[PDB]
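Breakdown of the fold
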Amino acid sequence: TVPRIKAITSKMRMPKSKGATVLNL
Amino acid sequence: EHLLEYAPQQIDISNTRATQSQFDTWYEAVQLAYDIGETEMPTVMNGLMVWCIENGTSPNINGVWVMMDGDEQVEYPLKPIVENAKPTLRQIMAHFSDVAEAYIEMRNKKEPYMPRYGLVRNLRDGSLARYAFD
Amino acid sequence: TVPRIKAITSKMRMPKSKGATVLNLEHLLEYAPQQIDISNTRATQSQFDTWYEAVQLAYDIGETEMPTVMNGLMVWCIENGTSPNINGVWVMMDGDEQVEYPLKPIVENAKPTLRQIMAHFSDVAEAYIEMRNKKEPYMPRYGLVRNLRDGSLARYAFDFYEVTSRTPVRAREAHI
Amino acid sequence: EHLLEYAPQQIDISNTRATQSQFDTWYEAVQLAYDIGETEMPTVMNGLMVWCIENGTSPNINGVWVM
């Protein structure tokens, strides 16, 4: 078959303070 | 003495076909910017020269070009094909001018196949519809 | 015997990068895709997939009730062409009275344009007018402006007609 | 199945004739802005379509039309 492109996804970088999240998603 | 011992062909010097180095920089930068390696990358160019027959060598940069596979399509970004082709896309794809007129000769005998550049110019014979693409 | 001419063959010079070939010639011969699935007039399956899901959403009409809408769209887009104003409305007959719909989420989601998205319906549209011509004379509205004059060529002359290689040569002059 | 059971006419979809709703908003706003009610307003439109035959559908806005 044909070679499909493997698109990567840059992460939706959620901000953090010291190791935990900062939003109640 | 060396002038008489010197017969180079039109296709290896002229302006329409870009140089071997311009095609060498282009093809390595496309193999890189698709993350598709050797023995899997020449299958892609079988899809490129069929697409560039039809829609010509002037797309928008942000657009996409398709390639049939079975029944469903795939897609690819047109950004690293017209941004690496340093003269232009026309003068880089002119390396494929030998195979393309041998592709349509294959395609005309099964069914009538005018390329899309021919239908705009309104050519009217399926035998001259072999030398008129972009 | 007679001296036959020895015809030489200039090579079918396949392009190369650094010493190896650039095409899979085995798969090239096992590869015959059609005009309609690659060309520029018909937009891609993904461009029609984003368009149709964004229309189903922005009308709040679900599956098994949404394909009835597209029976009204391809009849309207035959007549008034694929260039309306964005704020306007398009109608759809039902019994005797009309309905209406907003033209805003049909030309704002069609990412190439409306013409290249409705060109998926180029197969059904010329099969719609062939149905319609036999009951009564039916020139589409794009034909009446261009002043075509026969009800049998009034099948291939609407706005969003893709010009494939199956078009008769009289019809491909009618667009250009 | 419904596509084959669907034959609408040119005049009810096309661009030249505006929609029934565009004519519905227009006719109610003319009946209002003349203070001429029902059974007296359709006599006015007998005068409008005779005038709009002759002077066309492009007058100045401030002008008048006779009957």
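Structure determination for this entry is recorded as cryo-EM, at 4.1 Å resolution.

**Notes on the environment of C:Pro168**
Residues and elements named next belong to chain C. In this fold, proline 168 is placed in the loop between α7 (141–146) and α8 (169–175). Residue class for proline 168 comes out partly exposed when judged on its relative accessible area of 40%. As a C-alpha pair, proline 168 and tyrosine 156 span 12 residues in sequence and 9.3 Å in three-dimensional space.

**Focus on the interface of chain B and chain C**
The partner chain C presents 30 residues to the 42 residues of chain B that form the contact. Taken together, both faces of the contact between chain B and chain C bury some 3500 Å²; the carbon and sulfur share is 56%. Our enumeration of links across chain B and chain C arrives at 1 salt bridge. Between C:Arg166 and B:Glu111 there is a salt bridge, and its shortest N-O distance comes to 3.9 Å. The tally of links from chain B across to chain C stands at 13 residue pairs in polar contact. Of all the secondary structure elements, the ones that give two or more residues to the side of chain B that touches chain C are α1 (20–32), α2 (42–54), β1 (64–69), α5 (97–110) and α6 (116–121) of chain B. In terms of residue count, α2(B) provides more of the side of chain B that touches chain C than any other element does, 9 residues in total. Considering only residue class, the side of chain B that touches chain C consists of 22 nonpolar, 10 polar and 10 charged.

**Quick notes on the interface of chain A and chain B**
If you look at the interface, chain A gives 5 residues, while chain B gives 13 residues. Counting each side, the surface lost to burial between chain A and chain B is near 740 Å², with a carbon and sulfur contribution of 64%. Its largest share of buried area at the contact with chain B, chain A owes to A:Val2, A:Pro3 and A:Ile5, together 72% of the area lost on that side. Run the count over chain A and chain B and you get 2 salt bridges. Across the salt bridge formed by B:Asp69 and A:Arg4, the nearest N and O atoms sit 2.9 Å from each other. In this assembly, chain A and chain B are joined by 2 residue pairs in polar contact. Within the side of chain A that touches chain B, the residues separate by chemical class into 3 nonpolar, 1 polar and 1 charged.

**Some remarks on α2(B)**
Burial within α2(B) is extensive, with 13 of its 13 residues counted as buried. A positive backbone phi angle near 75° is found at B:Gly56, which sits one or two residues after α2(B).

Conventions adopted
- Residues numbered from 1 in each chain as written, not as in the entry; some residues may be left out.
- Chains lettered and ligands numbered in written order.
- Part of a larger assembly, values for the part shown.
- Heavy atoms only, no water.
- Helix = DSSP H or I, 4+ residues; strand = E, 2+ residues; numbered from the N terminus.
- Buried < 20%, exposed > 50% of the residue type's maximum accessible area, 1.4 Å probe, protein only.
- Contact = heavy atoms within 4.5 Å.
- Buried area = accessible area lost by both parts, 1.4 Å probe.
- Salt bridge = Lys/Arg side-chain N within 4 Å of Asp/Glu carboxyl O.
- Polar contact = N/O pair within 3.5 Å; in protein donor to acceptor, adjacent residues only side chain to side chain.
- Nonpolar A, V, L, I, M, F, W, Y, C, P; charged D, E, K, R; others polar.

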